[PDB]
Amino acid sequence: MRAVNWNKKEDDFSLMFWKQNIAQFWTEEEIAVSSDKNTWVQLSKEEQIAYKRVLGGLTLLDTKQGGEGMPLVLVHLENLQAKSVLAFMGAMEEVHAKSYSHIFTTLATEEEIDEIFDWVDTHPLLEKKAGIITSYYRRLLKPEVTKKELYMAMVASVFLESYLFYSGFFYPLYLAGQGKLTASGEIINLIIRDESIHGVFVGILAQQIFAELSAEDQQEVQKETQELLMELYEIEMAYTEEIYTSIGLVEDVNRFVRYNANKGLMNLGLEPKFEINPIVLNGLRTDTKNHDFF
């Protein structure tokens, strides 16, 4: 039975991503959020509700990625060095989720927070969105998986990390780019810096598996991938209408969703399928690599 041996590279990139994930390590206690209250109270009722709801949705996606996606993808990987990186990435998803709770504690009452998490649990679009992704993960709950099944779980992972978060990330970035809730904006930037490298790494692993598939299986997963992309897009368009219509931002968020869907495709080695709001860009500007990335 093999032990991970870092003296003998198993691939050309796992060490670099291990080191970068470690270098980017942070926890919920490094960014104090209390100073955001001065601009929180200046938001309208409708803007506060949108902010809290998008944070709830972001929390759900991190919960599923750290607790189902990374574990089930990594257990079936044969590359022990890449397994190591994914295990660390899954732990950082849990750090991300906990950081949203830290934001909530500062900006909302105990009762308001619990109302948001009840709204998340019963929300039909969030349940549909997360169910679509996790179906590909739950297919891996068996002793032996095919490369097609593993590939499609990695696709789902890239789409969650590079794409599905961004209808939610929009709003903390939009406010921060206006000087509002900048400390929470710093946290979201740290989260984005991690998710960006997560999506690149899983996308590399997916491309390696894809090349190992038969031509017939390649054509089948290409179709499934394009269908999944658009299935999620339909749900995201319903979600942006639900969240952002009250505050006038639906079309802006949709452009941002498409931008990040294209990024997810590129992480998988695929061409863009869709043809960034400047205030969002300014809210990314606090992190040099985020602003360059986007």
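The first residue of the shown sequence is 1; numbering continues from there.
The gap between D12 and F13 holds no unmodelled residues of the deposited sequence. For the pair 41-49 and 226-234, the record assigns the higher mean C-alpha temperature factor to 41-49. Relative to its counterpart among 113-121 and 164-172, 113-121 has the higher mean temperature factor, C-alpha atoms as listed in the PDB entry. Taking the deposited Cα B-factors for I31, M70, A261, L60, the highest one is held by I31. The residue among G269, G66, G56, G248 whose C-alpha carries the highest B-factor in the deposited model is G248.
In this PDB entry, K142 carries a Cα temperature factor that places it within the lowest third of its chain's modelled residues. Per the deposited record, the Cα B-factor of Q178 falls in the highest third when ranked against the other modelled residues of its chain.
In this PDB entry, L126 carries a Cα temperature factor that places it within the highest third of its chain's modelled residues. Among the modelled residues of its chain, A108 has a C-alpha B-factor that falls in the highest third, as given in the PDB entry. The entry lists a Cα temperature factor for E186 that places it in the highest third of the chain's modelled residues.
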